[PDB]
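Numbered according to the authors' numbering, the sequence shown spans residues 41 to 59, 70 to 551. Have a look at the structure below, then the notes.
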Amino acid sequence: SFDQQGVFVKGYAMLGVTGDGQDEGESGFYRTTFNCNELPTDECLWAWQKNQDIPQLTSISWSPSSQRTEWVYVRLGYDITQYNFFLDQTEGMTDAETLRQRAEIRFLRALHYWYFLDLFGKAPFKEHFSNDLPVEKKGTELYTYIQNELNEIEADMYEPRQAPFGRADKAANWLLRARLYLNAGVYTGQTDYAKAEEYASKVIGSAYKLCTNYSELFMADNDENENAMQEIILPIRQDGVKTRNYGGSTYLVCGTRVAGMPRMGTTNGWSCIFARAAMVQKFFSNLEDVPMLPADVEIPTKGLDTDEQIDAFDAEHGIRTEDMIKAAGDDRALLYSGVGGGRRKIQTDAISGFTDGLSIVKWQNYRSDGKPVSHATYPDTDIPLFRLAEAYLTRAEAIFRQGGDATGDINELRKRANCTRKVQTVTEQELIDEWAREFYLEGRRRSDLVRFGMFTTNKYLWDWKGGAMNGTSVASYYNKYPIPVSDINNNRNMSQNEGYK
Ligand SMILES: [Ca+2]
């Protein structure tokens, strides 16, 4: 029989865990969406280019036969079929909890449609669980639908911070709408920054507040530490012993580490992704200012097995991550150029391995309170999918776009990060750079780059963009992923996006 509670729980679980030619957890909502919004950007690089479809995602040169693209497409659609099932099975129910559940499920469905809209510009549309092929709902119509959904369900959702931690409240609703309004120009051709500002303000005016220590937002106890919880509007709950190797944070932590690094937080460093030189430049405009071990200084083959030994050596050469942060004058510069794991490069002439770029240690499987985590390999770290910081950056950009003064909102975030440099005047470049500094490796980069018209164009060239070591542009039709050829062949209702063949 229909287990309403079980299905509801699964609705949320789909955001952070999975149930070939696809490794464990590869079909995950988070990993697939994260990769499509990160791997082709200036924030990071996949170290093993021999992997299928990686060169394509890395260089922005994929085709309709893209495996990675099919993965995210199939996942988004599948999740929605489940949300539709729950809604069809609870239709007519009037009890208080079910009203909240239905609103929340519609919210999650709306979020999924936003991903479709943002990534493909359209989506295989269906509102009920049936065998009928989905119909194509294009950009503007899709945009309008999502905004209507969020508007209609707001009243039945929990007030800000009143829902059980892990569930969406009215503030999550407002934030997503603010994101939609901010990107209204891209999706509909008509901007709506006035509304972006309005809804961003609703979120800022809520009970949510900014965490006083940036790093704590991405630590193992971010579901218990109030300093972090007060800012996390929508957390994707993760638990080492339960989520295990199939979660989103498994990738964020294990994927960015390699044996030898101090405080790995895991016994298994996948050494999958590292920072592109352009990412490091977001904290160091002049890359020569980045703390680095001199080429003439050798790295001992012995005496560097413990974190203590590694830290002492890094300290001697000023390359501990805490030294990186001090040099950057920004708490958010959670990068590693130390000797743990081997000699690092900031930029490379050929993507040959994990050490060809600095490591990103933003995500950690250590608790701010120092207590034990649940597992030696799989992280406990929740993914703060929605953070109050997004409201500040969204409002800043909206105000800037309208000709207003956005210094206040930008400095709210820079002050939180204890930045030595405060912004005196906001510019387009400053804004997109701040989006990177605040949200790097949180799965949204590509979307912001497209809005700023920098994803495919010459307006911004980063290392390895377009397949060129120094970066080169690509066709503008790449601002949208293609509809998987498999669905083109299976659903005659769908049409391929412009440019692809
Ligand atoms: Ca957790």
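Idealized CB from N, CA, C, for every residue including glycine.
Restricting to runs no shorter than 4 residues, where is the alpha helix (DSSP H) found entirely within the segment 488-523? Complete alpha helix (DSSP H) runs here, min 4: 495-501.
Is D419 near ligand 1, going by C-beta to nearest heavy atom under 6 Å? Indexing the sequence shown from 1 puts residue 419 at position 369. No.
Reduced DSSP secondary structure (H/G/I, E/B, other) of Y386: Locating residue 386 in the sequence shown gives position 336, counting from the first residue. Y386: strand per DSSP, three-state reduction.
Between the segment 392-402 and the segment 335-350, are three or more C-beta pairs nearer than 8 Å? Yes, they touch.
Entirely within the segment 324-351 and at least 4 residues each: give me those alpha helix (DSSP H) ranges in chain order. For the segment 324-351, whole alpha helix (DSSP H) runs of length 4 or above, ordered along the chain, are 327-330.
Can you check which of these residues, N201, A439, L511, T306, is closest to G403 by C-alpha distance? Numbered from its first residue, the sequence shown carries residue 403 at position 353. Distance check between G403 and each of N201, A439, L511, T306 places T306 closest, using alpha-carbon atoms only.
Where the alpha helix (DSSP H) containing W112 begins and where it ends: Start at 1 with the first residue of the sequence shown, and residue 112 comes out as number 62. Membership of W112 in any alpha helix (DSSP H) is not indicated, and neither H nor E is assigned to it by DSSP.
Straight-line Cα distance separating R496 from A378: The count along the sequence shown starts at 1 and reaches residue 378 at position 328. The count along the sequence shown starts at 1 and reaches residue 496 at position 446. Roughly 24 Å between the two C-alpha positions.
When we look at the beta-carbon of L183 and count the other beta-carbons within 10 Å, is it buried (16 or more) or exposed? As a first step, residue 183 is located in the sequence shown; it is residue number 133 there, counting from the start. Classification of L183: exposed, given that the 10 Å Cβ count is below 16.
Which of helix, strand or coil does DSSP assign to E147? The residue labelled residue 147 in the question sits at position 97 within the sequence shown. Here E147 carries a helix assignment [DSSP, helix/strand/coil].
Touch check for the segment 224-231 and the segment 424-444: three-plus C-beta pairs under 8 Å? Contact between the segment 224-231 and the segment 424-444 is present, with at least three C-beta pairs closer than 8 Å.
Shorter than 6 Å, the distance from the beta carbon of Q414 to the closest heavy atom of ligand 1, or not? Your numbering for residue 414 matches position 364 in the sequence shown. Incorrect: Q414 has no Cβ contact closer than 6 Å to ligand 1.
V303 lies in the alpha helix (DSSP H); which residues open and close that run? Translated into positions along the sequence shown, residue 303 becomes position 253. If you look at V303, you'll find it in the alpha helix (DSSP H) that goes 298-304.
Identify, in the order they occur along the chain, each residue of the same chain with its Cβ nearer than 6 Å to the Cβ of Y527, setting aside the five sequence neighbours on each side. Locating residue 527 in the sequence shown gives position 477, where the first residue counts as 1. Leaving aside the five residues that flank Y527 on each side, the residues in its chain whose CB is nearer than 6 Å to its CB run, in chain order, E548, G549.
Spatially closest choice to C469 from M269, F175, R487, by CA coordinates: By 1-based counting over the sequence shown, the position of residue 469 is 419. Considering only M269, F175, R487, the residue with the shortest C-alpha distance to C469 is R487.
With contact counted as at least three CB pairs below 8 Å, one residue from each stretch, are the segment 208-225 and the segment 166-182 in contact? With a cut-off of 8 Å, the segment 166-182 and the segment 208-225 do not count as touching, because too few Cβ pairs lie within range.
Through-space distance from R417 to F324, alpha-carbon basis: As a first step, residue 324 must be located in the sequence shown, where it is residue number 274. As a first step, residue 417 must be located in the sequence shown, where it is residue number 367. Cα to Cα, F324 sits roughly 23 Å from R417.
Classification of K472 by the beta-carbon crowding that lies within 10 angstroms, buried from 16 upward: Counting from 1 along the sequence shown, the entry for residue 472 is found at position 422. The residue is exposed, with fewer than 16 neighbouring Cβ atoms inside 10 Å.
Could you pull the DSSP bridge partners for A173 from this structure? Within the sequence shown, numbered from 1, the residue matching residue 173 stands at position 123. Per DSSP, the beta-bridge partners of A173 are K187.
Helix, strand or coil: which one does DSSP assign to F436? If you number the sequence shown from 1, residue 436 lands on position 386. Correct three-state label for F436: strand.
Quick check on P344: buried or exposed, where buried means 16 or more other Cβ atoms within 10 Å of its Cβ? On the sequence shown, position 294 is the one that residue 344 refers to. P344 should be labelled exposed.
Starting from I282, follow the beta strand (DSSP E) in both directions and report where the run begins and ends. Counting from 1 along the sequence shown, the entry for residue 282 is found at position 232. 282-286 is the span of the beta strand (DSSP E), which, as asked, contains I282.
Of the listed residues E274, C261, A365, nearest to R466 (C-alpha basis): The residue labelled residue 466 in the question sits at position 416 within the sequence shown. Out of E274, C261, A365, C261 has the C-alpha closest to the C-alpha of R466.
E74 classed as buried or exposed, judged by whether at least 16 other C-beta atoms fall within 10 angstroms: The residue you call residue 74 lines up with position 24 of the sequence shown. In this structure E74 is exposed. Its beta-carbon is surrounded by fewer than 16 other beta-carbon atoms within 10 angstroms.
Helix, strand or coil for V57 per DSSP? Start at 1 with the first residue of the sequence shown, and residue 57 comes out as number 17. Strand, per DSSP.
Helix, strand or coil at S545 [DSSP, three-state]: Within the sequence shown, the letter at position 495 stands for residue 545. DSSP, reduced to helix, strand and coil, places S545 outside both helices and strands of the structure shown, so it counts as coil.
Does the segment 356-374 come within contact of the segment 418-437, defined as at least 3 CB pairs closer than 8 Å? Taking a cut-off of 8 Å on C-beta distances, the segment 356-374 does not touch the segment 418-437, as fewer than three cross pairs fall below it.
Starting from the C-beta of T522, find all residues in its chain whose C-beta is less than 6 Å away, skip the five residues before and the five after it, and write them out in chain order. In the sequence shown, the residue the question calls residue 522 occupies position 472. Hits under 6 Å: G516.
Can you give the Cα-Cα distance for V340 and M374, rounded to whole angstroms? The residue labelled residue 340 in the question sits at position 290 within the sequence shown. The residue labelled residue 374 in the question sits at position 324 within the sequence shown. Using only the alpha carbons, I get a separation of about 7 Å.
Where does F505 land, buried or exposed, given buried means 16+ other C-beta within 10 angstroms? In the sequence shown, residue 505 corresponds to position 455, counting from 1. It counts as buried.
Assuming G297 and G56 are in contact, meaning their beta carbons sit under 8 Å apart, how far apart are those beta carbons, in whole angstroms? Residue 297 sits at position 247 when you count from the first residue of the sequence shown. Residue 56 sits at position 16 when you count from the first residue of the sequence shown. Contact between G297 and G56 holds: CB atoms are separated by about 5 Å, below the 8 Å threshold.
May I ask you to report which of helix, strand or coil DSSP gives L95? Within the sequence shown, numbered from 1, the residue matching residue 95 stands at position 45. Correct three-state label for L95: strand.
Buried or exposed: which applies to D355, given that a residue is buried once 16 or more other Cβ atoms fall within 10 Å of its Cβ? By one-based count along the sequence shown, residue 355 stands at place 305. Its Cβ having fewer than 16 others within 10 Å, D355 is exposed.
Other residues of its chain near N295: CB distance less than 8 Å, five sequence neighbours each side excluded: If you number the sequence shown from 1, residue 295 lands on position 245. Taking C-beta separations shorter than 8 Å and ignoring five residues to either side along the sequence, the partners of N295 in its chain run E74, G75, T427, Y428, following chain order.
Use the C-beta contact count for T293: other C-beta atoms within 10 angstroms, 16 or more gives buried, fewer gives exposed. For the purposes of this step, residue 293 is taken as residue 243 along the sequence shown, with counting starting at 1. Buried, since its Cβ has 16 or more Cβ neighbours within 10 Å.
Between the CA atoms of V291 and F157 - distance to the nearest angstrom: To locate residue 157, count along the sequence shown from 1; it is residue 107. To locate residue 291, count along the sequence shown from 1; it is residue 241. Computed Cα separation, rounded: 28 Å.
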